[PDB]
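Chemist: Provided below: input.pdb, containing PDB, C-alpha atoms.
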```
ATOM      1  CA  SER A   1       0.000   0.000   0.000
ATOM      2  CA  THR A   2       0.843   3.688  -0.185
ATOM      3  CA  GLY A   3      -0.631   6.963   0.964
ATOM      4  CA  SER A   4      -0.253  10.553  -0.211
ATOM      5  CA  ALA A   5      -1.621  13.666   1.513
ATOM      6  CA  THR A   6      -1.188  17.398   0.992
ATOM      7  CA  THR A   7       0.216  19.424   3.910
ATOM      8  CA  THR A   8      -0.652  23.120   4.153
ATOM      9  CA  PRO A   9       0.949  25.981   6.127
ATOM     10  CA  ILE A  10      -1.296  27.217   8.926
ATOM     11  CA  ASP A  11      -0.386  30.892   8.345
ATOM     12  CA  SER A  12       1.606  33.265   6.181
ATOM     13  CA  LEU A  13       4.880  32.509   8.015
ATOM     14  CA  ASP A  14       4.843  28.686   7.713
ATOM     15  CA  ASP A  15       4.688  28.454  11.527
ATOM     16  CA  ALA A  16       3.444  24.866  11.154
ATOM     17  CA  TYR A  17       1.796  22.608   8.595
ATOM     18  CA  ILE A  18      -1.501  20.705   8.829
ATOM     19  CA  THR A  19      -2.464  17.490   7.035
ATOM     20  CA  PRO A  20      -6.008  16.069   6.948
ATOM     21  CA  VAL A  21      -6.428  12.713   8.690
ATOM     22  CA  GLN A  22      -9.533  10.507   8.690
ATOM     23  CA  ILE A  23     -10.359   8.983  12.089
ATOM     24  CA  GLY A  24     -13.177   6.582  12.874
ATOM     25  CA  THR A  25     -16.261   5.209  11.115
ATOM     26  CA  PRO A  26     -17.868   7.167   9.550
ATOM     27  CA  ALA A  27     -14.734   9.239   9.021
ATOM     28  CA  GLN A  28     -14.088  12.284  11.161
ATOM     29  CA  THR A  29     -11.512  14.440   9.378
ATOM     30  CA  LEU A  30      -9.104  16.369  11.609
ATOM     31  CA  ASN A  31      -6.175  18.553  10.541
ATOM     32  CA  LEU A  32      -3.115  17.264  12.369
ATOM     33  CA  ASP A  33       0.443  18.559  12.721
ATOM     34  CA  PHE A  34       2.723  15.753  11.472
ATOM     35  CA  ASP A  35       5.674  15.772  13.874
ATOM     36  CA  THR A  36       8.838  13.703  13.203
ATOM     37  CA  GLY A  37      10.038  14.929  16.630
ATOM     38  CA  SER A  38       7.417  13.086  18.725
ATOM     39  CA  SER A  39       5.596   9.788  18.750
ATOM     40  CA  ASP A  40       2.005  10.380  19.973
ATOM     41  CA  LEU A  41      -1.080  10.728  17.766
ATOM     42  CA  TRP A  42      -3.325  12.905  19.927
ATOM     43  CA  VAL A  43      -6.433  14.924  19.110
ATOM     44  CA  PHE A  44      -8.800  17.481  20.472
ATOM     45  CA  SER A  45     -11.911  15.518  21.361
ATOM     46  CA  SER A  46     -15.347  15.519  22.962
ATOM     47  CA  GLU A  47     -13.426  14.816  26.222
ATOM     48  CA  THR A  48     -11.318  17.996  26.074
ATOM     49  CA  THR A  49     -12.073  20.536  28.829
ATOM     50  CA  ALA A  50     -14.579  22.819  27.122
ATOM     51  CA  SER A  51     -12.803  26.054  28.125
ATOM     52  CA  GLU A  52      -9.659  24.723  26.397
ATOM     53  CA  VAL A  53     -11.317  24.277  22.984
ATOM     54  CA  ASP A  54     -11.453  27.415  20.804
ATOM     55  CA  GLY A  55     -12.322  26.607  17.197
ATOM     56  CA  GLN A  56     -10.615  23.240  16.730
ATOM     57  CA  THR A  57     -12.404  20.295  15.164
ATOM     58  CA  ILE A  58     -12.884  17.527  17.732
ATOM     59  CA  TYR A  59     -12.882  13.736  17.548
ATOM     60  CA  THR A  60     -15.969  12.233  19.176
ATOM     61  CA  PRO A  61     -15.272   8.512  19.800
ATOM     62  CA  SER A  62     -18.896   7.814  20.767
ATOM     63  CA  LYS A  63     -19.868   8.560  17.151
ATOM     64  CA  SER A  64     -17.369   6.063  15.697
ATOM     65  CA  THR A  65     -18.550   2.467  15.380
ATOM     66  CA  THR A  66     -14.911   1.281  15.261
ATOM     67  CA  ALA A  67     -13.701   3.201  18.338
ATOM     68  CA  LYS A  68     -12.776   1.132  21.391
ATOM     69  CA  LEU A  69     -11.534   2.485  24.709
ATOM     70  CA  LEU A  70      -8.042   1.200  25.474
ATOM     71  CA  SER A  71      -8.858   0.339  29.058
ATOM     72  CA  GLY A  72      -6.636   1.905  31.695
ATOM     73  CA  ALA A  73      -4.360   3.691  29.226
ATOM     74  CA  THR A  74      -3.369   7.319  29.763
ATOM     75  CA  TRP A  75      -0.922   9.673  28.123
ATOM     76  CA  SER A  76       0.846  12.902  28.984
ATOM     77  CA  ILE A  77       3.370  14.809  26.887
ATOM     78  CA  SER A  78       5.406  18.004  27.185
ATOM     79  CA  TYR A  79       7.066  19.530  24.146
ATOM     80  CA  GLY A  80      10.278  21.493  23.662
ATOM     81  CA  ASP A  81       8.332  24.767  23.457
ATOM     82  CA  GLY A  82       6.832  24.252  26.922
ATOM     83  CA  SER A  83       3.399  23.182  25.663
ATOM     84  CA  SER A  84       1.671  20.027  26.916
ATOM     85  CA  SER A  85      -1.409  17.817  26.670
ATOM     86  CA  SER A  86      -2.800  14.691  28.348
ATOM     87  CA  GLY A  87      -5.778  12.352  28.349
ATOM     88  CA  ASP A  88      -6.979   8.794  27.697
ATOM     89  CA  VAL A  89      -6.741   6.473  24.689
ATOM     90  CA  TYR A  90      -8.979   4.815  22.101
ATOM     91  CA  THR A  91      -8.097   2.494  19.265
ATOM     92  CA  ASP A  92      -9.748   3.320  15.959
ATOM     93  CA  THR A  93      -9.247   3.266  12.213
ATOM     94  CA  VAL A  94      -6.992   6.052  10.933
ATOM     95  CA  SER A  95      -6.351   6.875   7.264
ATOM     96  CA  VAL A  96      -3.847   9.333   5.758
ATOM     97  CA  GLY A  97      -4.066  10.081   2.053
ATOM     98  CA  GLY A  98      -5.677   6.724   1.249
ATOM     99  CA  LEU A  99      -3.485   4.600   3.545
ATOM    100  CA  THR A 100      -5.450   2.922   6.349
ATOM    101  CA  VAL A 101      -4.346   1.553   9.728
ATOM    102  CA  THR A 102      -6.808  -0.350  11.881
ATOM    103  CA  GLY A 103      -6.315  -0.433  15.620
ATOM    104  CA  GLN A 104      -4.294   2.794  15.764
ATOM    105  CA  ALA A 105      -3.961   4.334  19.221
ATOM    106  CA  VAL A 106      -5.777   7.678  19.073
ATOM    107  CA  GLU A 107      -4.900   9.653  22.185
ATOM    108  CA  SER A 108      -7.886  11.745  23.235
ATOM    109  CA  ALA A 109      -7.022  14.994  25.011
ATOM    110  CA  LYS A 110      -8.672  15.781  28.318
ATOM    111  CA  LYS A 111      -6.363  18.776  28.871
ATOM    112  CA  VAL A 112      -4.272  20.920  26.539
ATOM    113  CA  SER A 113      -2.035  23.870  27.356
ATOM    114  CA  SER A 114      -2.834  27.404  26.296
ATOM    115  CA  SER A 115      -0.704  27.433  23.134
ATOM    116  CA  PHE A 116      -2.774  24.585  21.694
ATOM    117  CA  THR A 117      -6.075  26.218  22.673
ATOM    118  CA  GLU A 118      -4.928  29.479  21.085
ATOM    119  CA  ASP A 119      -4.152  27.807  17.733
ATOM    120  CA  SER A 120      -7.543  27.085  16.181
ATOM    121  CA  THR A 121      -5.946  25.596  13.033
ATOM    122  CA  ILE A 122      -4.266  22.542  14.628
ATOM    123  CA  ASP A 123      -6.635  19.771  15.767
ATOM    124  CA  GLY A 124      -3.878  17.538  17.151
ATOM    125  CA  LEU A 125      -0.506  15.985  16.406
ATOM    126  CA  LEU A 126       0.507  12.858  14.498
ATOM    127  CA  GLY A 127       3.899  11.720  15.736
ATOM    128  CA  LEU A 128       6.428  10.191  13.321
ATOM    129  CA  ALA A 129       9.494   9.739  15.539
ATOM    130  CA  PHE A 130      10.316   6.294  16.903
ATOM    131  CA  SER A 131       7.707   4.511  18.981
ATOM    132  CA  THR A 132      10.076   4.258  21.942
ATOM    133  CA  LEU A 133       9.097   7.907  22.702
ATOM    134  CA  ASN A 134       5.354   7.199  22.843
ATOM    135  CA  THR A 135       3.948   8.345  26.211
ATOM    136  CA  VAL A 136       1.018   5.925  26.611
ATOM    137  CA  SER A 137       1.083   4.128  29.953
ATOM    138  CA  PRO A 138       1.115   1.364  31.076
ATOM    139  CA  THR A 139       1.312  -0.109  27.571
ATOM    140  CA  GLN A 140       3.331   1.969  25.111
ATOM    141  CA  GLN A 141       1.710   2.340  21.688
ATOM    142  CA  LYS A 142       3.057   2.391  18.128
ATOM    143  CA  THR A 143       3.048   5.336  15.745
ATOM    144  CA  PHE A 144       0.910   5.404  12.616
ATOM    145  CA  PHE A 145       4.026   4.777  10.522
ATOM    146  CA  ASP A 146       5.140   1.858  12.678
ATOM    147  CA  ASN A 147       1.697   0.259  12.380
ATOM    148  CA  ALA A 148       1.550   0.796   8.611
ATOM    149  CA  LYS A 149       5.162  -0.145   7.813
ATOM    150  CA  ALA A 150       4.690  -3.837   7.082
ATOM    151  CA  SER A 151       1.877  -3.115   4.610
ATOM    152  CA  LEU A 152       3.760  -0.372   2.768
ATOM    153  CA  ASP A 153       5.320  -0.998  -0.622
ATOM    154  CA  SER A 154       8.575   0.327   0.875
ATOM    155  CA  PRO A 155       9.112   1.052   4.604
ATOM    156  CA  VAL A 156       9.486   4.812   4.161
ATOM    157  CA  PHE A 157       7.721   8.133   4.351
ATOM    158  CA  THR A 158       8.732  11.429   2.779
ATOM    159  CA  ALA A 159       8.306  15.076   3.729
ATOM    160  CA  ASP A 160       8.141  17.705   0.979
ATOM    161  CA  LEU A 161       7.221  20.926   2.798
ATOM    162  CA  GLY A 162       6.483  24.073   0.847
ATOM    163  CA  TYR A 163       7.766  27.599   1.313
ATOM    164  CA  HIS A 164       4.628  29.687   1.691
ATOM    165  CA  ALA A 165       2.809  26.969  -0.240
ATOM    166  CA  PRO A 166       1.357  23.484   0.207
ATOM    167  CA  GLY A 167       3.487  20.381   0.103
ATOM    168  CA  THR A 168       3.163  16.623   0.498
ATOM    169  CA  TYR A 169       3.624  13.721   2.885
ATOM    170  CA  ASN A 170       3.946  10.375   1.083
ATOM    171  CA  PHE A 171       3.950   6.932   2.706
ATOM    172  CA  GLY A 172       5.377   3.803   1.150
ATOM    173  CA  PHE A 173       7.040   5.239  -1.972
ATOM    174  CA  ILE A 174       9.518   7.831  -3.211
ATOM    175  CA  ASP A 175       8.113  10.224  -5.838
ATOM    176  CA  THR A 176      11.058  10.545  -8.239
ATOM    177  CA  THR A 177       9.392  13.586  -9.874
ATOM    178  CA  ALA A 178       9.412  15.577  -6.630
ATOM    179  CA  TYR A 179      13.131  16.369  -6.410
ATOM    180  CA  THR A 180      16.119  17.294  -8.545
ATOM    181  CA  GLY A 181      19.392  15.465  -8.727
ATOM    182  CA  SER A 182      19.936  12.474  -6.447
ATOM    183  CA  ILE A 183      18.959  11.689  -2.862
ATOM    184  CA  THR A 184      21.908  11.570  -0.467
ATOM    185  CA  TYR A 185      21.390   9.170   2.410
ATOM    186  CA  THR A 186      22.990   9.589   5.818
ATOM    187  CA  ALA A 187      23.136   7.498   8.980
ATOM    188  CA  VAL A 188      20.582   7.793  11.783
ATOM    189  CA  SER A 189      20.894   7.137  15.493
ATOM    190  CA  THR A 190      17.667   6.033  17.156
ATOM    191  CA  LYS A 191      19.240   6.140  20.644
ATOM    192  CA  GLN A 192      17.219   9.214  21.719
ATOM    193  CA  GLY A 193      14.078   8.153  19.820
ATOM    194  CA  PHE A 194      14.569  10.823  17.113
ATOM    195  CA  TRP A 195      15.595  10.913  13.446
ATOM    196  CA  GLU A 196      19.040  12.010  14.644
ATOM    197  CA  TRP A 197      21.813  12.483  12.076
ATOM    198  CA  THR A 198      25.099  14.386  11.623
ATOM    199  CA  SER A 199      25.404  17.234   9.136
ATOM    200  CA  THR A 200      28.854  17.643   7.578
ATOM    201  CA  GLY A 201      28.996  21.441   7.869
ATOM    202  CA  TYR A 202      27.644  24.773   6.705
ATOM    203  CA  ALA A 203      28.133  27.899   4.650
ATOM    204  CA  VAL A 204      26.715  31.417   4.996
ATOM    205  CA  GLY A 205      25.645  33.034   1.738
ATOM    206  CA  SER A 206      28.346  32.793  -0.916
ATOM    207  CA  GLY A 207      30.949  32.065   1.764
ATOM    208  CA  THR A 208      33.224  29.069   1.953
ATOM    209  CA  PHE A 209      31.897  25.799   3.324
ATOM    210  CA  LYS A 210      33.026  24.956   6.853
ATOM    211  CA  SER A 211      33.484  21.217   7.355
ATOM    212  CA  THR A 212      32.267  20.425  10.873
ATOM    213  CA  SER A 213      30.018  17.719  12.318
ATOM    214  CA  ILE A 214      26.666  18.984  13.606
ATOM    215  CA  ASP A 215      24.525  16.315  15.280
ATOM    216  CA  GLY A 216      20.836  17.154  15.181
ATOM    217  CA  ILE A 217      17.304  15.889  14.570
ATOM    218  CA  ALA A 218      15.037  16.144  11.531
ATOM    219  CA  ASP A 219      11.915  17.585  13.158
ATOM    220  CA  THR A 220       8.905  18.610  11.078
ATOM    221  CA  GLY A 221       7.164  19.727  14.282
ATOM    222  CA  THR A 222       9.630  22.545  14.985
ATOM    223  CA  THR A 223       9.326  25.745  12.946
ATOM    224  CA  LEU A 224      12.899  27.049  12.984
ATOM    225  CA  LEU A 225      16.484  25.869  12.520
ATOM    226  CA  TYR A 226      18.324  25.567  15.862
ATOM    227  CA  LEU A 227      22.122  25.253  15.607
ATOM    228  CA  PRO A 228      25.176  25.801  17.833
ATOM    229  CA  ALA A 229      25.793  29.377  18.935
ATOM    230  CA  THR A 230      29.049  29.569  16.923
ATOM    231  CA  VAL A 231      27.242  28.751  13.672
ATOM    232  CA  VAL A 232      24.315  31.063  14.397
ATOM    233  CA  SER A 233      26.611  33.988  15.277
ATOM    234  CA  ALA A 234      28.497  33.491  12.009
ATOM    235  CA  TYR A 235      25.213  33.648  10.088
ATOM    236  CA  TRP A 236      23.781  36.783  11.749
ATOM    237  CA  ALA A 237      27.127  38.614  11.558
ATOM    238  CA  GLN A 238      26.444  38.832   7.816
ATOM    239  CA  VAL A 239      23.210  40.866   8.363
ATOM    240  CA  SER A 240      23.714  44.546   9.192
ATOM    241  CA  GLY A 241      21.948  45.421  12.417
ATOM    242  CA  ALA A 242      21.150  41.858  13.475
ATOM    243  CA  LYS A 243      21.476  41.149  17.178
ATOM    244  CA  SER A 244      20.483  38.620  19.803
ATOM    245  CA  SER A 245      17.727  40.085  21.984
ATOM    246  CA  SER A 246      17.121  38.520  25.385
ATOM    247  CA  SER A 247      13.838  40.444  25.656
ATOM    248  CA  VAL A 248      12.507  39.029  22.392
ATOM    249  CA  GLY A 249      14.055  35.582  22.857
ATOM    250  CA  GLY A 250      16.511  35.219  19.991
ATOM    251  CA  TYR A 251      18.123  36.867  17.017
ATOM    252  CA  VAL A 252      16.244  39.767  15.403
ATOM    253  CA  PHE A 253      17.180  41.774  12.340
ATOM    254  CA  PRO A 254      15.998  44.920  10.540
ATOM    255  CA  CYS A 255      12.972  44.060   8.451
ATOM    256  CA  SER A 256      14.564  46.128   5.668
ATOM    257  CA  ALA A 257      17.382  43.599   5.290
ATOM    258  CA  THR A 258      17.967  41.110   2.519
ATOM    259  CA  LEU A 259      19.024  37.882   4.203
ATOM    260  CA  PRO A 260      21.817  35.614   2.944
ATOM    261  CA  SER A 261      21.206  31.985   2.221
ATOM    262  CA  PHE A 262      22.372  29.207   4.544
ATOM    263  CA  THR A 263      23.794  25.907   3.280
ATOM    264  CA  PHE A 264      24.034  22.688   5.315
ATOM    265  CA  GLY A 265      25.930  19.535   4.378
ATOM    266  CA  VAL A 266      24.493  16.058   3.925
ATOM    267  CA  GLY A 267      27.536  13.900   3.362
ATOM    268  CA  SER A 268      29.210  15.353   0.292
ATOM    269  CA  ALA A 269      25.959  17.028  -0.814
ATOM    270  CA  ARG A 270      24.652  20.505   0.029
ATOM    271  CA  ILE A 271      21.150  21.819   0.744
ATOM    272  CA  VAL A 272      20.707  25.580   0.270
ATOM    273  CA  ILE A 273      18.115  27.418   2.377
ATOM    274  CA  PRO A 274      17.274  30.680   0.542
ATOM    275  CA  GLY A 275      17.509  33.836   2.614
ATOM    276  CA  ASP A 276      13.787  34.542   2.377
ATOM    277  CA  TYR A 277      13.053  31.255   4.199
ATOM    278  CA  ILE A 278      14.864  32.687   7.249
ATOM    279  CA  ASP A 279      12.562  35.752   7.593
ATOM    280  CA  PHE A 280       9.803  35.210  10.194
ATOM    281  CA  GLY A 281       8.488  38.731  10.030
ATOM    282  CA  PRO A 282       7.865  41.503  12.528
ATOM    283  CA  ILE A 283       8.328  40.576  16.187
ATOM    284  CA  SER A 284       5.004  42.314  16.884
ATOM    285  CA  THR A 285       2.474  43.785  14.501
ATOM    286  CA  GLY A 286       3.886  46.873  12.789
ATOM    287  CA  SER A 287       7.420  46.514  14.152
ATOM    288  CA  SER A 288      10.443  47.048  11.952
ATOM    289  CA  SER A 289      12.356  44.398  13.942
ATOM    290  CA  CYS A 290      11.951  40.979  12.352
ATOM    291  CA  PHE A 291      12.491  37.572  13.919
ATOM    292  CA  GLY A 292      15.175  35.286  12.528
ATOM    293  CA  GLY A 293      14.589  31.734  11.364
ATOM    294  CA  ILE A 294      17.999  30.468  12.484
ATOM    295  CA  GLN A 295      18.391  30.476  16.266
ATOM    296  CA  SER A 296      20.791  29.123  18.847
ATOM    297  CA  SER A 297      20.276  25.641  20.263
ATOM    298  CA  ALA A 298      22.451  26.415  23.293
ATOM    299  CA  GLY A 299      19.428  26.362  25.623
ATOM    300  CA  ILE A 300      17.858  23.194  24.160
ATOM    301  CA  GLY A 301      20.421  20.429  24.538
ATOM    302  CA  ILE A 302      20.069  19.325  20.904
ATOM    303  CA  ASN A 303      20.314  20.845  17.453
ATOM    304  CA  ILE A 304      17.041  20.864  15.497
ATOM    305  CA  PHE A 305      16.681  20.796  11.720
ATOM    306  CA  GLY A 306      13.145  22.157  11.781
ATOM    307  CA  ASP A 307      10.878  23.315   8.984
ATOM    308  CA  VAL A 308      13.168  26.185   7.894
ATOM    309  CA  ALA A 309      15.768  23.593   6.883
ATOM    310  CA  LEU A 310      13.508  20.711   5.870
ATOM    311  CA  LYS A 311      11.316  22.799   3.522
ATOM    312  CA  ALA A 312      14.410  23.453   1.376
ATOM    313  CA  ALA A 313      14.704  19.706   0.659
ATOM    314  CA  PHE A 314      12.853  16.551  -0.284
ATOM    315  CA  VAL A 315      13.396  14.407   2.820
ATOM    316  CA  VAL A 316      13.192  10.595   3.000
ATOM    317  CA  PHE A 317      12.556   9.040   6.412
ATOM    318  CA  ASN A 318      13.717   5.468   5.726
ATOM    319  CA  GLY A 319      12.359   3.070   8.338
ATOM    320  CA  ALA A 320      14.194  -0.011   7.115
ATOM    321  CA  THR A 321      15.702  -2.346   9.727
ATOM    322  CA  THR A 322      18.598   0.107   9.957
ATOM    323  CA  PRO A 323      16.892   3.514   9.558
ATOM    324  CA  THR A 324      18.483   6.279   7.501
ATOM    325  CA  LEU A 325      17.593   9.789   6.310
ATOM    326  CA  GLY A 326      17.759  10.999   2.709
ATOM    327  CA  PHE A 327      17.957  14.576   1.433
ATOM    328  CA  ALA A 328      17.569  15.905  -2.092
ATOM    329  CA  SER A 329      17.341  19.388  -3.517
ATOM    330  CA  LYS A 330      14.088  20.288  -5.255
TER     331      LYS A 330
END
```
Now that the file is in, can you turn its structure into structure tokens?
Modeler:
Amino acid sequence: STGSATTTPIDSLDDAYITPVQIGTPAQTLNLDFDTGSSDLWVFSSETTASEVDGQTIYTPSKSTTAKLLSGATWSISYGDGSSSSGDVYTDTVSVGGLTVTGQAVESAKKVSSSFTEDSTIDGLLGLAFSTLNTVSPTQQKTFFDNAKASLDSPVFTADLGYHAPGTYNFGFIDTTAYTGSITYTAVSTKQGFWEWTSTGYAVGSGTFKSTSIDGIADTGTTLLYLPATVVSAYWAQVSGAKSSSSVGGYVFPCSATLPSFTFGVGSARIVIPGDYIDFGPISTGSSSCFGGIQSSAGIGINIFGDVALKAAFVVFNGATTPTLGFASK
């Protein structure tokens, strides 16, 4: 089998991307944030505290003839941005772009933190990291990809995120028309549960490439590119007036600037992030200070190749017995 679904930016800055997902019988379609940095499929539901729902579409398990309570199971997750959610668990039928999994754990939110409530466009998350990170207790559950893998034509999914435009998640096949050149594959460590790999270096604009190993994760659920402070300083030093602001929470730059590109290495290959992809717009409405899309990871504990980097590439998440990542230009 295969599946193919369009993923759409939630706003004009590409802050996140939503993909429609069919849950239950008859189908209830929810727009989920596909997150290669986590491993829980959770949704706003008829169980979510009513004051914490503000415009999201909810899953109602009582209206699904295939829903079954997973007795005794609970879940609770906290994300890198400080947000969180928790609840109980059903199994139900879940389809993405024509690909169907029966018996998928659908984690029904009883509580969500304010950032989720405040984002009316995201109805939940669909995790695509390794199932060892799944938070369901006392019986850990598998991701949608893990459950589908054996049925897929090839044990892979791909992320093709757009810049200010829709893109595509494919399951089970590699669309050879969706990228230019060749795909360069690179080793993955699953030891932390992430699609963790090592970039071979970077360049700023037309500058020379610096060969240096940068361990980080491919994370579709993070908006920006988080890299070591040395690399990030070298980038912003090329933008007149750019500075790190503790009050804003990162690097800002004059909105009048033209930003340089940023290149990252994948083995001997190179992915170029155009400068415009690194502009996240005014820090507050009407400001002439703009927020940068490359930020320091020094406070995180890990480097994160988020959407800013991934949207510049066609990315293969290869879930073979030994997983690997592939990157192509497009």
Chemist: Check which residues satisfy the PyMOL selection byres ((chain A and resi 82) around 12) in the file shown, then give them as a list in words.
Modeler: residues 77, 78, 79, 80, 81, 83, 84, 85, 112, 113, 114, 115, 116 and 300 of chain A
Chemist: Counting only C-alpha atoms, write as a tab-separated table (two decimals) with C-alpha atoms, in the frame of the given file all protein and nucleic acid residues lying at most 10 Å from (27.0, 27.7, 27.7) in the file's frame.
Modeler:
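See point22.tsv below for the written result:
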```tsv
chain	number	residue	atom	x	y	z
A	229	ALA	CA	25.79	29.38	18.93
A	298	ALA	CA	22.45	26.42	23.29
A	299	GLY	CA	19.43	26.36	25.62
```
Chemist: For residue 266 in chain A, which of A:91, A:36, A:211, A:140 is the closest residue, counting only C-alpha atoms?
Modeler: A:211
Chemist: Pick from A:62, A:104, A:2, A:208: nearest to residue 147 in chain A, with only C-alpha atoms counted?
Modeler: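 The answer is A:104, which sits nearest to residue 147 in chain A.
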Chemist: For residue 33 in chain A, which residue among A:128, A:190, A:230, A:143 is the nearest when counting only C-alpha atoms?
Modeler: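 Checking each of A:128, A:190, A:230, A:143 against residue 33 in chain A, counting only C-alpha atoms, the winner is A:128.
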Chemist: Need the shell around residue 19 in chain A: protein/DNA/RNA residues with any atom at most 7 Å away, counting only C-alpha atoms. Skip same-chain ones fewer than 5 positions apart. Format as a PyMOL selection string?
Modeler: chain A and resi 5-8+31-33
Chemist: Taking the file as shown, find all residues satisfying the PyMOL selection byres ((chain A and resi 254) around 10) and write them as a count of residues only.
Modeler: 20
Chemist: Around (-1.1, 0.4, 29.0) in the file's own coordinates, what residues are found within 8 Å if you use all atoms listed in the file, given back as a PyMOL selection string?
Modeler: chain A and resi 70-74+136-140
Chemist: Could you pull the residues within 8 Å of range 314-319 of chain A, counting only C-alpha atoms, minus those fewer than 3 positions along the same chain, as a count of residues only?
Modeler: 23
Chemist: For residue 267 in chain A, which residue among A:183, A:237, A:231, A:203 is the nearest when counting all atoms listed in the file?
Modeler: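 Residue with the minimum atom-to-atom distance to residue 267 in chain A: A:183.
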Chemist: Convert the output of the PyMOL selection byres ((chain A and resi 305) around 8) on the shown file into explicit residues, formatted as a PDB file with C-alpha atoms, in the frame of the given file.
Modeler:
```pdb
ATOM      1  CA  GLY A 216      20.836  17.154  15.181  1.00  0.00           C
ATOM      2  CA  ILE A 217      17.304  15.889  14.570  1.00  0.00           C
ATOM      3  CA  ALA A 218      15.037  16.144  11.531  1.00  0.00           C
ATOM      4  CA  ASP A 219      11.915  17.585  13.158  1.00  0.00           C
ATOM      5  CA  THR A 222       9.630  22.545  14.985  1.00  0.00           C
ATOM      6  CA  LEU A 224      12.899  27.049  12.984  1.00  0.00           C
ATOM      7  CA  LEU A 225      16.484  25.869  12.520  1.00  0.00           C
ATOM      8  CA  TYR A 226      18.324  25.567  15.862  1.00  0.00           C
ATOM      9  CA  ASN A 303      20.314  20.845  17.453  1.00  0.00           C
ATOM     10  CA  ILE A 304      17.041  20.864  15.497  1.00  0.00           C
ATOM     11  CA  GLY A 306      13.145  22.157  11.781  1.00  0.00           C
ATOM     12  CA  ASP A 307      10.878  23.315   8.984  1.00  0.00           C
ATOM     13  CA  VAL A 308      13.168  26.185   7.894  1.00  0.00           C
ATOM     14  CA  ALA A 309      15.768  23.593   6.883  1.00  0.00           C
ATOM     15  CA  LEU A 310      13.508  20.711   5.870  1.00  0.00           C
TER      16      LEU A 310
END
```
Chemist: Check the smallest atom-to-atom distance from each of A:263, A:152, A:232, A:194 to residue 132 in chain A using all atoms listed in the file, then report the winner.
Modeler: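 Nearest candidate to residue 132 in chain A out of A:263, A:152, A:232, A:194: A:194.
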Chemist: Which is closer to residue 94 in chain A than all the others in A:53, A:312, A:188, A:126, using only C-alpha atoms?
Modeler: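 Counting only C-alpha atoms, the residue closest to residue 94 in chain A is A:126.
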Chemist: How many Å separate CA of residue 58 in chain A from CA of residue 150 in chain A?
Modeler: 29.6 Å
Chemist: Separation of CA of residue 41 in chain A and CA of residue 199 in chain A, in Å?
Modeler: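 The value is 28.6 Å.
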Chemist: Residues at most 12 Å from residue 92 in chain A, counting only C-alpha atoms, excluding those fewer than 5 positions away in the same chain, as a ChimeraX atom specification?
Modeler: /A:22-28,41,59-70,100-108,144
Chemist: For CA of residue 205 in chain A and CA of residue 250 in chain A, quote the distance in Å rounded to one decimal.
Modeler: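 Taking CA of residue 205 in chain A as the start and CA of residue 250 in chain A as the end point, the length is 20.5 Å.
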Chemist: Let me have the centre and edge lengths of the axis-aligned box enclosing all listed atoms of range 203-206 of chain A with 8 Å padding on every side, in Å to one decimal, as JSON.
Modeler:
```
{"center_x": 27.0, "center_y": 30.5, "center_z": 2.0, "size_x": 18.7, "size_y": 21.1, "size_z": 21.9}
```
Chemist: Missing atoms in range 217-224 of chain A should be modelled up to N, CA, C and O atoms and reported as a PDB file, keeping the file's coordinate frame.
Modeler:
```pdb
ATOM      1  N   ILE A 217      18.476  16.698  14.901  1.00  0.00           N
ATOM      2  CA  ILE A 217      17.304  15.889  14.570  1.00  0.00           C
ATOM      3  C   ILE A 217      16.509  16.538  13.444  1.00  0.00           C
ATOM      4  O   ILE A 217      16.406  17.769  13.353  1.00  0.00           O
ATOM      5  N   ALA A 218      15.958  15.704  12.576  1.00  0.00           N
ATOM      6  CA  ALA A 218      15.037  16.144  11.531  1.00  0.00           C
ATOM      7  C   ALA A 218      13.647  16.200  12.144  1.00  0.00           C
ATOM      8  O   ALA A 218      13.063  15.157  12.468  1.00  0.00           O
ATOM      9  N   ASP A 219      13.113  17.409  12.333  1.00  0.00           N
ATOM     10  CA  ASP A 219      11.915  17.585  13.158  1.00  0.00           C
ATOM     11  C   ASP A 219      10.898  18.471  12.446  1.00  0.00           C
ATOM     12  O   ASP A 219      10.984  19.705  12.500  1.00  0.00           O
ATOM     13  N   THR A 220       9.915  17.853  11.803  1.00  0.00           N
ATOM     14  CA  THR A 220       8.905  18.610  11.078  1.00  0.00           C
ATOM     15  C   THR A 220       7.992  19.394  12.005  1.00  0.00           C
ATOM     16  O   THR A 220       7.279  20.290  11.533  1.00  0.00           O
ATOM     17  N   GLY A 221       8.000  19.093  13.294  1.00  0.00           N
ATOM     18  CA  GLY A 221       7.164  19.727  14.282  1.00  0.00           C
ATOM     19  C   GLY A 221       7.753  20.961  14.921  1.00  0.00           C
ATOM     20  O   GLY A 221       7.110  21.564  15.785  1.00  0.00           O
ATOM     21  N   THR A 222       8.969  21.325  14.538  1.00  0.00           N
ATOM     22  CA  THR A 222       9.630  22.545  14.985  1.00  0.00           C
ATOM     23  C   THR A 222       9.741  23.497  13.799  1.00  0.00           C
ATOM     24  O   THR A 222      10.161  23.101  12.701  1.00  0.00           O
ATOM     25  N   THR A 223       9.399  24.769  14.034  1.00  0.00           N
ATOM     26  CA  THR A 223       9.326  25.745  12.946  1.00  0.00           C
ATOM     27  C   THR A 223      10.707  26.111  12.416  1.00  0.00           C
ATOM     28  O   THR A 223      10.912  26.201  11.203  1.00  0.00           O
ATOM     29  N   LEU A 224      11.631  26.409  13.316  1.00  0.00           N
ATOM     30  CA  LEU A 224      12.899  27.049  12.984  1.00  0.00           C
ATOM     31  C   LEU A 224      14.061  26.066  12.991  1.00  0.00           C
ATOM     32  O   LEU A 224      13.913  24.873  13.263  1.00  0.00           O
TER      33      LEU A 224
END
```
